[PDB]
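Working notes for the structure below.
In this analysis, Cβ positions are derived from the backbone assuming ideal geometry, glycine residues included, and neighbour counts consider all displayed protein chains. What follows draws every value from the coordinates through simple rules; no lab data is involved.
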Amino acid sequence: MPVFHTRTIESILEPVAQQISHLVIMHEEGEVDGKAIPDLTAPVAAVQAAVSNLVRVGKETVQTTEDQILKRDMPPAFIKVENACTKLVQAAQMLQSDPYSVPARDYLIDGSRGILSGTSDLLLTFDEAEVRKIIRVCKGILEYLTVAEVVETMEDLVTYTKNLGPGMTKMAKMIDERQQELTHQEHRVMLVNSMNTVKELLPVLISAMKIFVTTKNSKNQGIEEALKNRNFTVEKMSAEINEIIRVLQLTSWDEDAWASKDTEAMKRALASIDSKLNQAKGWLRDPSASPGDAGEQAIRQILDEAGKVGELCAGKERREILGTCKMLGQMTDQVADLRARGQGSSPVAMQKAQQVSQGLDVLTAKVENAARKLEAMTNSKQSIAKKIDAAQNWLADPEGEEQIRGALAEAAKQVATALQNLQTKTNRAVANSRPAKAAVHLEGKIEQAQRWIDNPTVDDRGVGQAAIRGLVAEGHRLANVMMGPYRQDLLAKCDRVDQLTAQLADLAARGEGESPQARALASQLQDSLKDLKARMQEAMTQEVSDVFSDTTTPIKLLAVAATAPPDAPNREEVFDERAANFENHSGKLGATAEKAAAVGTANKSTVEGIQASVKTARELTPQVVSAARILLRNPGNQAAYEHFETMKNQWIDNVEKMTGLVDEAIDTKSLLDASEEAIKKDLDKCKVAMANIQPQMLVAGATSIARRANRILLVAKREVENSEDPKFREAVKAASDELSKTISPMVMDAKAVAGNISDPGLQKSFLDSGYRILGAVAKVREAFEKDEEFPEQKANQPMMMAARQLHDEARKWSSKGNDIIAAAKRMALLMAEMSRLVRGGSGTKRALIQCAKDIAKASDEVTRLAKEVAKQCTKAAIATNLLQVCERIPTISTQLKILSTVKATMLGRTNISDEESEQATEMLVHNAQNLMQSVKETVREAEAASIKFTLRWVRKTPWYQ
Ligand SMILES: [Ca+2]
């Protein structure tokens, strides 16, 4: 099994597999055509030289290495390489006498496959031991984080610190280089993110240890919260280091990453369900609470936490959570409706809601069954495969209950091969046990839903249905905040899409699927999705413009409620309230940011970033509250002040970058319409505030207006650092500068009217300044041959389904006139050929290798011209994003060439294929999908970068809506 996770392996294994492609090409020229095989002497000598380098440095390594694992795993590579090497040399010797020798060609096709396998295994052992070093350092730091609790003296604090130094420095350097030596870009992203999180967590660590030790040397009263924050820091840092250790051992795409994410989100739904369980169960059972209240929604969103669990369990276990969720949802609806009319406390208002909520305690129990279930499934999954199967697979050459412990929790060297077979079987069952998941960014969800609604191939891609369900769930989440327009976007559109999709499902499983009765209804559902996208982005924009207007005043009031004088009144009466409003504000911001990441127009990178910052703030709120409680506890103490300032600054910066990333995910002109609407509404509350003599309300509204104007100044300065032309830098700046001109006059005029609230001239001055701000924001807004067909042939196909998904996606646009759609069409066609060639095996070797070479060539065309597109385009975000989709193309093309050469050395269906040939088909399929859809995203985003010269993206199909 070949590997490609580093640039050194690739730089070594690409020319090797290339010369091997030559040798198997001449092998086919010999075996299929009976042609003279020429002087293999020079090429075999070059191969055996470039490989004898690896063998030589390896043999020198095993002498001077203290690594025992290397001493075990390295000589077998020496044998697997030397054998095939000498075998190829022998083939070169025999084919000098008789260039038609039938056993000399047996030794030519066995050695090339053997030199590929052996070379890959040898490099894999090197790499493996190189990482084992890095993991040795990481485990060093992990063990050093456990001795953090023994520090009780400032002497122990400084000593602990200075000794922690060198290991941290060495780890950071090692990871910074290893990530630069990796080919899988996502792995690099994970290493960078984790190491950055640890490095950003060190100062918080020494701060928490500092307040712990100052609180310990003296007899201060903040000892508990201090150890809470310190133990939390050890927890988070140790967890991130463990993430580093897991990623470092990855040699392919993420295979078991879904497990940990699914189980941690699974537990997150419950850790979040606890609090709202208590609160909502406590203050709903009251005889009335006006609907739309935050305490009312406190149940309506609880069920949402169950839904995200129901979307994680497989399609069958969805039963309990889905049916219970629907019944609880409709019975609470009746609670709100009945309680908000002339009749409350008719037993239907008590006896129904009571049995229901007593059932809320039941669906809160059903979700833990699936949560415990799945985990035991992941802990058993990794415990069997990793801890016993590998460890005693190595030690096959005694003691027993390792293979017993693996064999019990599941349900010579060929016996271990059977162990690998059954392991793959268990991984198959585990993989099926979980349902397919829709994308997270919007266009992925609506694209999968789109691919299911128009041609529902019966009983596959429940990913489209899952995308519709995730979109409808996100529409329910966006709706709970509204009031009047609450019913029109929720009831009509969300339930209309749920109903319509239920019609296209019941109308496809129990009946016919291709009739126009299901295709005339499909357009009824295809545009409804567009409606939910439009109004969902609209309501999301309105919600963001309100919730994210002020992100810092609650924690500011909490900061001044902590430094209150000791003789101040109601110190905890106001403090606990500031912490309550601070936790509520933080959670509200987090939820709004989640909706923004789900519905907004932003690439998956910024979606993962928004979710990451929401995770971080959600983790940071309680420790900020506890820091406020160790400052409020000890007045005049400098250490508590430094700690609370550190924590509060952490929260401030995380919510700041959260505000920015969330702002990226919104159509900025729609945002300007939203904030302009908010300035219109704010001024009405000002006229009213004057009419009823409310100067505090007036200055509050004016400060809100100036706040929004400054925010618009931020989003306007953002468009300056994004455009590379003063076409935008005098239009945007020429308006934002005047918007900055209009700010302060409105403020001082507001302060003027606040003292004489009924003076018509003063009021007139203030209002004039305000509407001048309004017009300024308005100006800021105003500143903004022929073709081929797919060779589908009648009856492997999973490799062709990707080729179809690219061909059907490339043909949507221009035939020619742009080399990228020509090259992508040709790539999907050549992939339709390669799918036919993989299960071939009769003169298909040269056609398959030549096919991979063609795919790599067209890939170079796409990458080249797309890189040309990126540098003649405004807004650097689209350019850099396009480059991000472009860099993952040449790597996957090269890996496609090498894998193709392996499959070619095993393509003459001469038998060495217990499952070894089945592996190379699967790797070619995985690589084929990743390449395929990678150039698909490169095509779509390539057109996005062409709306900004260069290409012509005119569409093919004639306009018919
Ligand atoms: Ca003035």
**OP:** Being surrounded by fewer than 20 Cβ atoms within 10 Å (Cβ to Cβ) and within 30 Å of residue 633 (Cβ to Cβ) is the filter here, so list the residues in the range 535-558 that pass it.
**Re:** 550, 551, 552, 553, 556, 557
Original post:
In the range 256-272, is there at least one residue being of a type in the set (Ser, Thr, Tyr), assigned to a helix (DSSP H, G or I) and more than 22 Å from residue 481 (Cβ to Cβ)?
Top reply: yes
**OP:** Determine whether the range 365-385 contains at least one residue that is part of a helix (DSSP H, G or I), more than 28 Å from the chain's Cα centre (by Cα) and among the β-branched types (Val, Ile, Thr).
**Re:** no
Original post:
Say we look at the range 741-759 and pick out the residues that are surrounded by fewer than 16 Cβ atoms within 10 Å (Cβ to Cβ) and outside any helix (DSSP H, G or I); which of these is farthest from the ligand (Cβ to nearest atom)?
Top reply: 758
Original post:
Mind checking which residues of the range 1-40 are of a type in the set (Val, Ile, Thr) and part of a helix (DSSP H, G or I)?
Top reply: 8, 9, 12, 16, 20, 24, 25
Subject >> Cβ-Cβ under 9 Å pairs, at least 6 apart or on other chains, the range 265-285 side farther than 28 Å from residue 608 by Cα, far side surrounded by 13 or more Cβ atoms within 10 Å (Cβ to Cβ) and basic (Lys, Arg) >> reply: 280/300
**OP:** Would you check which residues across the range 898-919 are surrounded by fewer than 19 Cβ atoms within 10 Å (Cβ to Cβ) and not small (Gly, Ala, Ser) and list them?
**Re:** 909, 910, 911, 912, 914, 915, 916, 918, 919
**OP:** Please find, within the range 131-160, the residue that is farthest from residue 236 (Cα to Cα) out of those that are charged (D, E, K, R) and in a helix (DSSP H, G or I).
**Re:** 155
Subject >> Matching entry among 762, 829 (being touching a helix residue (DSSP H, G or I) at 6+ places or on another chain (Cβ under 8 Å), within 16 Å of the ligand (Cβ to nearest atom) and more than 30 Å from residue 670 (Cβ to Cβ)) >> reply: 762
Subject >> The listed residue being in contact with a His (Cβ under 9 Å, 6 or more places away or on another chain), surrounded by 19 or more Cβ atoms within 10 Å (Cβ to Cβ) and among the hydrophobic types (A, V, I, L, M, F, W, C), out of 250, 277 >> reply: 250
Original post:
Does residue 109 satisfy the criteria of being in a helix (DSSP H, G or I), of a type outside the set (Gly, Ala, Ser) and buried (at least 17 other Cβ atoms within 10 Å of the Cβ)?
Top reply: yes
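Are there any helices (runs of 4 or more DSSP H) wholly within the range 391-506 with 3 or more residues that are among the hydrophobic types (A, V, I, L, M, F, W, C) and surrounded by 17 or more Cβ atoms within 10 Å (Cβ to Cβ), and if so which?
Numbers: elements: 391-394, 401-410, 413-432, 442-453, 462-479.
Where helices (runs of 4 or more DSSP H) fall fully within the range 391-506 and carry at least 3 residues being among the hydrophobic types (A, V, I, L, M, F, W, C) and surrounded by 17 or more Cβ atoms within 10 Å (Cβ to Cβ), they are 442-453, 462-479.
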Original post:
Are any residues in the range 658-687 of a type in the set (A, V, I, L, M, F, W, C) and closer than 21 Å to residue 743 by Cα, and if so, which ones?
Top reply: 671, 672, 674, 678, 679, 683, 686
Subject >> Evaluation of residue 1 against (1) under 16 Å from residue 88 (Cα atoms); (2) hydrophobic (A, V, I, L, M, F, W, C); (3) surrounded by fewer than 16 Cβ atoms within 10 Å (Cβ to Cβ); (4) touching a helix residue (DSSP H, G or I) at 6+ places or on another chain (Cβ under 7 Å) (one fails), failing number >> reply: (1)
**OP:** Please tell me if residue 753 is touching a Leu at 6+ places or on another chain (Cβ under 7 Å) and aliphatic (A, V, I, L, M).
**Re:** yes
Subject >> Tally of residues being away from the ligand (no atom under 16 Å from the Cβ), among the hydrophobic types (A, V, I, L, M, F, W, C) and not in a loop (DSSP other than H, G, I, E, B) across the range 775-788 >> reply: 4
**OP:** Only one of these is surrounded by fewer than 17 Cβ atoms within 10 Å (Cβ to Cβ) and either touching a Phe, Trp or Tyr at 6+ places or on another chain (Cβ under 6 Å) or within 16 Å of residue 265 (Cβ to Cβ) (or both): 314, 340. Name it.
**Re:** 314
Original post:
Across the range 221-271, what is the total count of residues that are out of contact with any helix residue (DSSP H, G or I) (no Cβ under 6 Å at 6 or more places or on another chain), among the polar types (S, T, N, Q) and closer than 26 Å to residue 371 by Cα?
Top reply: 3
Original post:
Does residue 718 meet the test of being away from the ligand (no atom under 16 Å from the Cβ), in a helix (DSSP H, G or I) and surrounded by fewer than 17 Cβ atoms within 10 Å (Cβ to Cβ)?
Top reply: yes
Original post:
Say we look at the range 760-785 and pick out the residues that are over 46 Å from the mean Cα position of the chain (by Cα) and surrounded by 14 or more Cβ atoms within 10 Å (Cβ to Cβ); which of these is farthest from residue 680 (Cα to Cα)?
Top reply: 762
**OP:** Answer yes or no: is there a residue in the range 665-684 that is among the polar types (S, T, N, Q) and part of a loop (DSSP other than H, G, I, E, B).
**Re:** no
Subject >> Odd one out for residue 380, checked against (1) exposed (fewer than 15 other Cβ atoms within 10 Å of the Cβ); (2) under 30 Å from residue 418 (Cα atoms) >> reply: (1)
Subject >> Single residue of the range 4-26 satisfying the filter (of a type in the set (S, T, N, Q) and within 21 Å of residue 44 (Cα to Cα)) that is surrounded by the most Cβ atoms within 10 Å (Cβ to Cβ) >> reply: 21
**OP:** For the range 791-821, enumerate the residues that are farther than 26 Å from residue 869 by Cβ and either within 16 Å of the ligand (Cβ to nearest atom) or part of a loop (DSSP other than H, G, I, E, B) (or both).
**Re:** 791, 792, 793, 794, 795, 796
Original post:
So which pairs qualify, if the first residue must be in the range 38-65 and within 17 Å of residue 83 (Cβ to Cβ), the second must be part of a loop (DSSP other than H, G, I, E, B) and aliphatic (A, V, I, L, M), the Cβ gap must be under 8 Å, and the two must be at least 6 apart or on different chains?
Top reply: 58/74
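Look at the range 215-237 and say how many of its residues are of a type in the set (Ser, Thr, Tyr) and either at positive phi or surrounded by fewer than 16 Cβ atoms within 10 Å (Cβ to Cβ) (or both). Outline the logic, then answer.
Our first condition is that a residue be of a type in the set (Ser, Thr, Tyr); within the range 215-237, this holds for 215, 218, 233.
Applying the additional criterion that residues be either at positive phi or surrounded by fewer than 16 Cβ atoms within 10 Å (Cβ to Cβ) (or both) yields 218.
Selection size over the range 215-237: 1.
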Subject >> Total residues in the range 724-740, condition more than 16 Å from the ligand (Cβ to nearest atom) and either aromatic (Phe, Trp, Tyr) or part of a helix (DSSP H, G or I) (or both) >> reply: 10
